[PDB]
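A short worksheet on the structure shown next.
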Amino acid sequence: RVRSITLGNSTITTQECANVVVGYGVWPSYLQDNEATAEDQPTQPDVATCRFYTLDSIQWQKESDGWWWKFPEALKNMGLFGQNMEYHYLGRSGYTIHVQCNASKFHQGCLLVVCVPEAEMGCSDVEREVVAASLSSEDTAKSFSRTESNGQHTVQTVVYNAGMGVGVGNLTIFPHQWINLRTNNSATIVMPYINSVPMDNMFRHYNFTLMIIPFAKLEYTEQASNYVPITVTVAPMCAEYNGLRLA
Amino acid sequence: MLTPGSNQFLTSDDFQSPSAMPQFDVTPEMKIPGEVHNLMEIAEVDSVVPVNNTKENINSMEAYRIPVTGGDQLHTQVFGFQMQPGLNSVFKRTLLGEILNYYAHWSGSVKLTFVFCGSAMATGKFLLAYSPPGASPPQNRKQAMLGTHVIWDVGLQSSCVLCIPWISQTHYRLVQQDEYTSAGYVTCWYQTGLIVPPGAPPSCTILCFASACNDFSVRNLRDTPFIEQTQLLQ
Amino acid sequence: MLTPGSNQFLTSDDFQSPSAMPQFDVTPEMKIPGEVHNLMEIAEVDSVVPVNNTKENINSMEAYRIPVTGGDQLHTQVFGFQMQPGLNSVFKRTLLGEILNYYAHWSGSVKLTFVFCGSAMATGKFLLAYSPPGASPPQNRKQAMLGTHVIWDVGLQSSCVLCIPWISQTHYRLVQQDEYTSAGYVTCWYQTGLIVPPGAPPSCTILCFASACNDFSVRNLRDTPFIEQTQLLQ
Amino acid sequence: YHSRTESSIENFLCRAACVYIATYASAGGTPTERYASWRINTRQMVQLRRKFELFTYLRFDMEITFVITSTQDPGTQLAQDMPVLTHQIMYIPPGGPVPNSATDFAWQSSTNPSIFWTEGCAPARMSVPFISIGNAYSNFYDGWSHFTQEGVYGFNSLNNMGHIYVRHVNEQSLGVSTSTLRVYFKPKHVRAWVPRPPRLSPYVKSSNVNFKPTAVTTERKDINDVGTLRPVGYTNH
Amino acid sequence: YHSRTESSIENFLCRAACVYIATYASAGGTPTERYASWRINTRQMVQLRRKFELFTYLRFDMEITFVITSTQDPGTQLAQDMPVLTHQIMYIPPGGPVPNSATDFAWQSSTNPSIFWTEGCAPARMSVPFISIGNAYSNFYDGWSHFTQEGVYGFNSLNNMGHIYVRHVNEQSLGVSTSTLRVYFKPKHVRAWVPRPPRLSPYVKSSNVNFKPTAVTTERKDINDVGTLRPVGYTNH
Amino acid sequence: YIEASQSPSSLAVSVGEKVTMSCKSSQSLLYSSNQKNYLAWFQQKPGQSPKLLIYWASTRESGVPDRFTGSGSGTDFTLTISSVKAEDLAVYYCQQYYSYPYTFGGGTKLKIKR
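Residue numbers (PDB author numbering), protein chains in the order written: chain 2, 81 to 327; chain 3, 5 to 238; chain 3', 5 to 238; chain 1, 56 to 292; chain 1', 56 to 292; chain L, 1 to 114. A prime marks a further copy of an entry chain.
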């Protein structure tokens, strides 16, 4: 029934038998000798990068709308991964996203968890431009909004347009999963490295965006927990960085 | 030696042309995941359908949620619509309809999935009725039962699939066609009520997904009507 | 039959052309020694580097001589510079830099040789420290020791080779790039003093040579910035 | 079970489209009126933009055809008999010199391929290969230009295609000769990756992805309101 | 371990360069204004000179393309309708007769290949083989013309390439028709020997190697002065 | 060590006259990547804690009256007051916060002329 996973020898996690979605059909892997536009052979840190990094839990309530995290920025302050981000210049890594809810049999709702590659976002004032502080915090979820935003340098946050200007109903085209509290309680997404160049800077490029959006609102009875906690866990897979030594 | 069509520029011609930049070596291609070989792959993906677009919900997230009320609904209709992607207001903005809108001719079979977002302790039944192109929508539950129907129990099962077929006189339908009441109807009826124990919410939601089946054909590519302005940006 | 690019003159085209002087027999070629097959051969040659260009020595031969003073220098720095050929004032006028300046993109590893021009009776040590692209130059001897360093003894050995490698995020650097403090630094420190017997001179000189290693790549040929005038001579 | 060959990427994206219409004079005037310039991009024609932004990455060759039509200009001192008009079309690769005026030195640069075309013949055509540093063009780029997380947002320097500049070769002493240029653009050997949902809101800026909030669909009368109805008749009795 | 194919002699020296721009009239005037002349050499364009003087000996074939553009001339008695303009381009090998005026006899010599070109067509091209007595061209020659150790210093007679002369074939009775010539020069099948250090001082003379003393490099602040520095920040704490 | 030199003497002018001062820095104080000038003009009431006037040489500190305007780009750095006051007696420094160490200025007393 239950299964335990031990990555990095320092992290323990528990899961039940559930369907897993492997990205675009491919599995994360190291860089072969076929593709390269550089010289120094990449160093391959795996002792500490490959471990479960559990982010803070969030509260799903009746009037909540959704959240998004920008990756790889979400792991800027997360242990040795942040140190490798700071010390090196080029980088490549795939991820494994676990999302778990904790709701009884008396709650109800329906969530969509997607992984949008290159999710460029618009601005509230169509004339101005966004800034780096409004796009994403370090490791804190950025909330969507029910109504129209009116800031100057703030990302438009109407939920049904998803900030990208497209219908929210068609987001299923990307790697995704449905968490229906009636049947399911967890989701797993394995995302490889997707870009037009083999390596890129971690602080410059946002590889992708993780969005959690409820389509069916949360409902319950008076004598019940007012919220449902959502826990997100990330474990980098097949990380690479450039070389710092002379040829 | 020189035919009449010798020295013209036909915009849909395919001839080789001199290379502006010979002696230039392009960058070899890498293996980026997710290559697209056909637009049909974009159409065989389930996308949530805004059934509940009643002019108070078009500018809200309530468009997608089909409301199922408890209480005591005798035999009232839950929802109903017409099967015409690309032209019906319900389907024209989903992935399937927006792919179909690019092509003047199209044909195939459409797959529908219904999912019950409700408490794990809720029990009930619904009747899903489908009427052929030449008929009329059922007016009450008994007429719907006597046609083509399926009884869906939300206690035993959570999702119900229904593959609307394609029976047409020709072999290609058109987006710009005036063929109302000739496209087929799908309705849902209250076979019984929604029964819940003390502590569960009395009302639930149904979500509807629509997508492509194995067989489709598209012909005569043309400009979409969704974009309006012909002005150039800046 | 006639494509749009049929009757134009593209200056970078390679087509055969009629011979102005047929029936003319050219002189057969002889075996002249020293044929060049690539410009990289001009870059893999050691050339003296003007490290000491302090605005009093640019118009003199003192540019090339790195001064090593005797007396008692505790731990002071002998010299130091940044590893950016083609753009740094030190390297842009040597053979390597002047070949690299012709190409918009380039990459590889750079080889440095240090030679001690001093009396055969002089003894001492130096510390050669190299810092990676993202770091800061060492401020004192202890910080330089804790990094990447080599201790060079001028009593046992006369010349010291040091091959600065290439670790970069992309695969091609640019001559016209604003990437200061991101190129790497090389410094030399007084590990001990210079010790001489009675009769030898107390001060010496170091000569520095810089050249190409086995691996380089160059791309996108372009005009050099060293020549300025666009006027025609006479 | 009918054919799908018309929905392939090649048959869907290889349709020639008019992407620029400009005009320029052949005689005295403001210098900027004596040549025509265009920076190659796919973000100014909304109909072509909506087609290219179904995919995240693209890789294709460019085929460009120029249709040039000239006419006489009203005024005084009309030309009684002119031999022929010749036009110069120059493609500037990314990083090449770009003219700031007609009769400049950049017009005679050896690194810029040029076409000299005389009135009366077939339209001039050229083909540019996949000219880029990376391994694909990217329609959507989430990131910055500099690593300081500041600069222009959404701009990538890996998808520059150059410029096109057109002028009159002839020097005209009698009268003016206005000319009109139309540019027809076509992708070839197209490869696309990572499909995306098509846009819903109207475009507001060529450089940005900014938008106004728009309703997800068209309104309907009621949830159980099927489209219209039919009156009683001979079949319905 | 990336490619070096772009640094080869062929890919380095076979770029077409504009090496001459001249003009000439088609009607009455000073005779020297009615034709255009150029002695073929590589010592007048400093950018091409700096590239050829990396090697001591060279051996290549010449490809020459002529771009000719004509316009009407203001004045009185303008031509109302002219049929077409034809141009004559003549290459004179070393030692052949050289015109001293237009409408001369040397224009009709049978030893001088000529091209007759009409307005409207593609630019005219010719190719000259390695035409010399020796076995190579020499960019640098240390010696004299005569054996008396006197004469012109630095001149070699083994690297003559001829002349190019252009004129108007037509005889014009109504008006003047000024024309402009541009010459594009390209080496092919290049072979080079004995590499040399590239020049540091600016050029002063096309015939000489004379120079002014120039500093060996650009000045620096101090011997241990690394380039600039960075302020304290979040990384540097 | 990086230091900066203030004017040779104090203001030594009348009350109510606009004063212009400059601070000569011994090295560049502009970071070309951010186009930021790391220097500020300070003010210390005798006996109390100091307090600057304008930081970054282009952004006046909140709560500071509109009389003080700091300028200067690159090595030079200036400041102007359109109304000098007798109750603003202090010691004016031009402190730099570019790199270690955070060296102060030279000092400028507001003397008496009345």
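No residue lacks a Cβ here, since even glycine has one placed at the ideal position from N, Cα and C.
Can you confirm whether residue i, when its beta carbon is compared against all beta carbons of chain 1, has any partner nearer than 7 Å?
i                 : result
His233 (chain 2)  : no
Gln181 (chain 3') : no
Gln12 (chain 3')  : yes
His285 (chain 2)  : yes
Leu237 (chain 3)  : yes
Please report whether the beta-carbon of residue i lies at a distance below 7 Å from any beta-carbon of chain 2.
i                : result
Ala108 (chain 3) : no
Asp116 (chain 1) : no
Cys121 (chain 3) : yes
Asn265 (chain 1) : yes
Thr111 (chain 1) : yes
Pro37 (chain 3)  : yes
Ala91 (chain 1)  : no
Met65 (chain 3)  : yes
Indicate the three-state DSSP secondary structure (helix, strand or coil) for residue i in the structure shown.
i                 : result
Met65 (chain 3')  : helix
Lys106 (chain 1)  : helix
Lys45 (chain L)   : coil
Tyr189 (chain 3)  : strand
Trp162 (chain 1') : helix
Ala126 (chain 3)  : coil
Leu298 (chain 2)  : strand
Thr235 (chain 1') : strand
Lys243 (chain 1') : strand
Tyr240 (chain 2)  : helix
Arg325 (chain 2)  : coil
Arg145 (chain 3') : helix
Return the Cβ separation of residue i and residue j in integer angstroms, given the expectation that the two are a contact with Cβ distance under 8 Å.
i                 : j                 : result
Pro142 (chain 3)  : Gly128 (chain 3)  : The pair is not a contact, with the Cβ atoms about 20 Å apart (cut-off 8 Å).
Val235 (chain 2)  : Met201 (chain 2)  : 5 Å
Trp110 (chain 3') : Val222 (chain 3') : 5 Å
Using a Cβ-Cβ cut-off of 7 Å, state whether residue i counts as contacting chain L.
i                 : result
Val281 (chain 1') : no
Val287 (chain 1') : yes
In or out: residue i buried (at least 16 other Cβ within 10 Å) or exposed?
i                 : result
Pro168 (chain 1)  : buried
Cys176 (chain 1)  : exposed
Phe19 (chain 3')  : exposed
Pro252 (chain 1') : exposed
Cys121 (chain 3') : exposed
Would residue i pass as an interface residue toward chain 3' - the criterion being a Cβ-Cβ separation below 7 Å?
i                 : result
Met181 (chain 1)  : yes
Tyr146 (chain 1') : yes
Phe210 (chain 1)  : no
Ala177 (chain 1') : yes
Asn190 (chain 1') : yes
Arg94 (chain 1')  : no
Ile170 (chain 1)  : yes
Determine, using beta carbons only, whether residue i comes closer than 7 Å to chain 1'.
i                : result
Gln99 (chain 1)  : no
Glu226 (chain 1) : yes
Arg69 (chain 3') : no
Worksheet item: Does the stretch 79–99 of chain 3' come within contact of the stretch 271–291 of chain 1', defined as at least 3 CB pairs closer than 8 Å?
Response: yes
Worksheet item: If we count Cβ pairs, one from each stretch, closer than 8 Å, do we get three or more for the stretch 296–304 of chain 2 versus the stretch 312–325 of chain 2?
Response: no
Worksheet item: Does the stretch 97–106 of chain 2 touch the stretch 249–258 of chain 2, meaning 3 or more C-beta pairs lie closer than 8 Å?
Response: yes
Worksheet item: Is it a yes or a no for the stretch 193–204 of chain 3 touching the stretch 63–71 of chain 3, going by three-plus beta-carbon pairs under 8 Å?
Response: no
Practice prompt. Evaluate contact between the stretch 203–215 of chain 2 and the stretch 214–223 of chain 1, counting only Cβ atoms and requiring at least three cross-stretch pairs below 8 Å.
Written response: no
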